[PDB]
């Protein structure tokens, strides 16, 4: 029954330990990347989660890499998100917004002026992103060759994250999750494989972690450390982007830096679901010694794996992804040991209510 006990996460208190991982569903209105009342119903159905982490959300127009993914930089996006957050809070839910810059995982057709996406270095992501075809449905297309960010542009990236954090507060979100994982811009700077810069944002691990820590510091000054969460995937390979040959020592450095700032939480995307060997207990203990706030584990999790790790004090909560897609009352189903609805993966991305808001409760 430890999974169902409250947990203080920053400035709020989650009602339980069963969190909803960020889940890109690509159902926003285009043009504008505007959240919809359908998305509002989708998140309202899952308000029983201790903490809802929204789908990844653009901090700016340049940050767009997925067609149909929402933003939170324009006034109409802010107004739409405010309706979504108010609905979750009315059902005693709590919600954070995941802010991302896709970086090199993007397509030129989605960028301002149709130009090349930006990245720490001009290196192809070697993977695909999702566009929308003539019918409006999601299609996979290889990512465009990115442009190396000039040193002069980096303060603009930090200001885009800061403004999005201020926008998140105006839209009524409880917390912010910086998306520093899964091969996107913040992770691209962290990884030695994707960061070949020779200025103070490349090379050493403190240089590779400089940008993300400047964003954390800007978020602390903008709103407060108890409002800033961060998601990392520092061990393994995600979307053809590995963490370099010194991944364990580089992960512990970044985590220690985040731990000193006393941020809201650390959300770790583990290599299990991505096809990799899981964390050892020795590594989790090294993480716990360097990060004191709540730790959220995600990726190929089960209730038994969550209860064991929480019992050992290695993590404080678990974030489920696909199980929340198909089960709007996942907390009640897990508590009552009930079976879960089958997942309809063909309707994960794009489309409308089908495979989105039409999953039944118990």
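Numbering follows the first chain given and starts at 1.
- The stretch with the higher mean CA B factor, choosing between 331-339 and 41-49, is 331-339.
- Of the two segments, 97-105 and 127-135, the one listed with the higher mean B-factor is 127-135 (C-alpha atoms only).
- Comparing the C-alpha B-factors of 148, 116, 274, 84 in the entry, the top value falls on 274.
- When the C-alpha B-factors of 26, 314, 63, 326 are ranked from the entry, the top spot goes to 314.
- Looking at the C-alpha B-factors along this chain, the one for residue 359 belongs to the middle third.
- Annotation for residue 179: CA B-factor lies in the lowest third of the chain's modelled residues.
- Among the modelled residues of its chain, residue 249 has a C-alpha B-factor that falls in the middle third according to the deposited record.
- Placement of the Cα temperature factor of residue 201 within the chain: middle third of the modelled residues, per the deposited record.
- Residue 67: CA B factor lies in the middle third for its chain, per the PDB record.
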